[PDB]
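Topology and contacts: notes
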Amino acid sequence: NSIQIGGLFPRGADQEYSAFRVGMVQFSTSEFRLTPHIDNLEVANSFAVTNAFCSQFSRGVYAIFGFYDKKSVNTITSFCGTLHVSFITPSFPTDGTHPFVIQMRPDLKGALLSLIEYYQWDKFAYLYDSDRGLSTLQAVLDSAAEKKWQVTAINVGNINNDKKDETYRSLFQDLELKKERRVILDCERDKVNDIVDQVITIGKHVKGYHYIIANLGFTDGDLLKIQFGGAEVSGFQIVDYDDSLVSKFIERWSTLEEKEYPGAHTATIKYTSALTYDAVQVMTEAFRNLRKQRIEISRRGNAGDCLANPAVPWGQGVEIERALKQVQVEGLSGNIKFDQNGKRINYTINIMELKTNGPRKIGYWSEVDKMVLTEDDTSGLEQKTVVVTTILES
Amino acid sequence: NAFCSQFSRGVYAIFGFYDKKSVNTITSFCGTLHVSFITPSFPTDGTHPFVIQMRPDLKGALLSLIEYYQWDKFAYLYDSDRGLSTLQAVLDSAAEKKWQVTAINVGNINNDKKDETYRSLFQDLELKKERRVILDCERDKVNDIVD
Amino acid sequence: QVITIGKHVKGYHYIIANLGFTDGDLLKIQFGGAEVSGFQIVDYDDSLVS
Ligand SMILES: *[C@@H]1O[C@H](CO)[C@@H](O)[C@H](O)[C@H]1NC(C)=O
């Protein structure tokens, strides 16, 4: 049983591919083997993505795992919908209901808005990056109307990096007109470190400031720098290293040879990579539920040209979708479940705060229970008041 | 398909339209295949070669008009159809010129029950007693709002 | 260490008691805010040194 699948990995996704390989090994069975056809292309380039898709389609694949950018996302969602091809991706969730797309990344929009109310914020700065779509930006802006917030949104993305200093100085110059002390960083693991470094340089990392890293990888970045500064830093973590499941994964991951497995000799793992590993498990359980369900879907490498007109969708694809979307297993990113569209449901996102001793989970966020705080209260706080005795005498 | 079809037919230039979703496809192919693409649609957010845009950039004219009326606090109802290029414009300028902009995506409003949404829309535009609104929409979405 | 604990912001004043003020890296505590003074024996403004 040889199931051929496509793999679209953006140049530079070393740890992601390394995690993709480890998944192939951990979830390899005798019942059937997955044959990944890897294609390293510039994910941003829409044209290239189109070729890589039609190429993997002519090779006759049953499913495709890859990534997309804010620019190429429309290409994938469109083709996969027309050709009834299933596309599994750890990338940011699609802004809508696009069929034949499985998204490993849970929606953070909800967890973010809940955290803001927890700290009871009414006026804050929102530094965003247009890389993962303004889906979360619209979220905070729309909620700013209802909850009545004074949000200062600033696109920290289009900043040219070969002279990006007179821009940051002019950035926190506007964030001083209103004396902004509460900032939300909605950026990638990289753009965050750049900002964090600048923050320390200008000294805006001392007590009084409060930063919120708007990503699923709070511990993915270096925090040792703004850890002793004084400013409170909060964020979100999807990979709970306290789970015996994840703890066991790291035990083998941290030992792997960094030569064969690039950027894999660490005690931690980027949430993007962790989702890639969980993606393999989903594809395995999906193709397995098709064998046990007595469903024939097999074909050959003659699907033909994807530009074929009229384009006829192979009916066997409809079943492959109902398989992946029906999958429900336990992975590094907590309980994995899907709806009819492909968006993850019944998941859990741990809310993190950065203390002196390091990061610490102060609670979690459920799509049905909102935010729920867990034990951690430093009870008490010198509450030991003073007992004053007195007599009733006018 | 329509692009590759017209390309196989051996054309010298292509005139058409694109959406916020298909725009990347056109700009990419036309750049790779060195095919010229003339379009009246919204200008591309960047410098994409082999693309001729008939529509001038309104971003500039809008910002200038705001200062003319001397606006400091206004509501900005936008539609994600023509890209948030102008939205980013007013938001970025809101930092410099110090404006209190209330941006609201009036696009994702489902039209088969779009009434309890408008009532809840001007309910938020009443918390701050917004009297100055900017409608960044198509000729159609504008009439709906105006009505 | 000063930068780490954040004692390099406005309000602090350091004096480097050596003849090599520009000999060390100052780009780090340069934008901090705290005033830093010192001593220089090698004048790079002299045509001789230049
Ligand atoms: C929802 O998720 C929880 C936590 O993983 C799980 O225990 C439960 O079975 C799920 N609910 C259903 C009905 O699938």
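Residues numbered from 1 in each chain as written, not as in the entry; some residues may be left out. Chains lettered and ligands numbered in written order. Part of a larger assembly, values for the part shown. Heavy atoms only, no water. Residues with missing side-chain atoms left out of burial classes, pairs and counts.

As summarised from the PDB record, the model derives from cryo-EM at a stated resolution of 6.4 Å.

Along its length, chain A carries 10 helices and 15 strands. On C-alpha atoms alone, chain A measures out to a radius of gyration of 24 Å, which is about the 21 Å that the 2.2 N^0.38 rule sets for 394 residues. With the C-alpha coordinates of chain A rotated into their principal frame, the extents come out at 100 × 50 × 45 Å. (Helix = DSSP H or I, 4+ residues; strand = E, 2+ residues; numbered from the N terminus. Rg over C-alpha atoms; globule rule 2.2 N^0.38 Å.)

In this model the UniProt disulfide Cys54 of chain A-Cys306 of chain A is closed, its S-S distance of 2.0 Å falling under 2.5 Å. With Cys54 of chain A in helix α2 (residues 46-58) and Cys306 of chain A in the loop between α9 (271-291) and α10 (316-324), the pair connects residues that are 252 residues apart, well separated along the chain. (Disulfide = S-S within 2.5 Å. UniProt positions renumbered as here; feature names shortened; annotations may be inferred.)

What follows concerns the sheet that holds strand β8 (residues 182-186) of chain A. The sheet built from eight strands is open, its strands ordered β7-β6-β8-β9-β10-β13-β14-β15 (chain A) with mixed pairing. Where the open sheet ends on each side, the last strands, each with one partner, are β7 (150-155) and β15 (370-373) of chain A. Recorded for the sheet is a direction-independent mean angle of 25 degrees between the axes of neighbouring strands. Where strand β14 (residues 359-366) of chain A lies against β15 of chain A, four bridges are found, and the strand directions are antiparallel. Residue pairing for β15 of chain A: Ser366 of chain A is matched across the bridge by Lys370 of chain A. Across the sheet, helix α4 (residues 85-96) of chain B is in contact with β6 (123-128) and β7 of chain A; its angle to β7 of chain A comes to roughly 110 degrees. (Pairing = 2+ DSSP bridges. Axes fitted to C-alpha atoms, helices over the stretch in contact; angles between N-to-C directions. Contact = heavy atoms within 4.5 Å.)

Neighbouring strands of a sheet are bound in pairs by backbone hydrogen bonds; such pairs are parallel or else antiparallel. Residues and elements named next belong to chain B. Read from one edge of the open sheet, three strands run β5-β4-β6, paired in parallel fashion. On the outer flanks of this sheet lie β5 (100-105) and β6 (133-136), each paired with one strand and no other. Across the sheet, the axes of successive neighbouring strands diverge by a mean angle of 20 degrees, strand direction being ignored. Pairing of strand β4 (residues 73-78) with β6 involves four bridges; the strand directions are parallel. Bridge pairing in β6 links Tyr76 to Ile134.

Turning next to the pairing of strand β9 (residues 210-213) of chain A. All names here are of chain A. Note: β8 against β9, four bridges, orientation parallel. For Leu185, the partnering residue across the bridge sits in β9 and is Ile213. With respect to chirality, the unit in which β8 leads through helix α7 (residues 189-202) into the neighbouring parallel β9 is right-handed. (Right-handed = clockwise from strand over helix to strand, strands pointing away.)

Helix length check: α4 of chain B, at 12 residues, gives a terminal C-alpha distance of 17 Å against a target of 16 Å (1.5 Å per residue), a fit within 8%. One or two residues past the end of α4 of chain B sits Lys98 of chain B, with phi positive at roughly 60 degrees. (Expected span 1.5 Å × (residues − 1).)

So, on to the interface of chain A and chain C. If you look at the interface, chain A gives seven residues, while chain C gives six residues. Tallied by class, the residues present in the side of chain A that touches chain C amount to three nonpolar, four polar and no charged. (Nonpolar A, V, L, I, M, F, W, Y, C, P; charged D, E, K, R; others polar.)

The next thing to look at is the state of the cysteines. Here a disulfide denotes one covalent bond, and it connects the sulfur atoms of two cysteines. Covalently, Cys54 of chain A is tied to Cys306 of chain A through a disulfide, its sulfur atoms 2.0 Å apart. Between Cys54 of chain A and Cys306 of chain A the disulfide shows an S-S torsion of about 100 degrees. By sign, it is right-handed. The thiol of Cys30 of chain B is unpaired, and the distance to the nearest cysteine sulfur, on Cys4 of chain B, comes to 10 Å.

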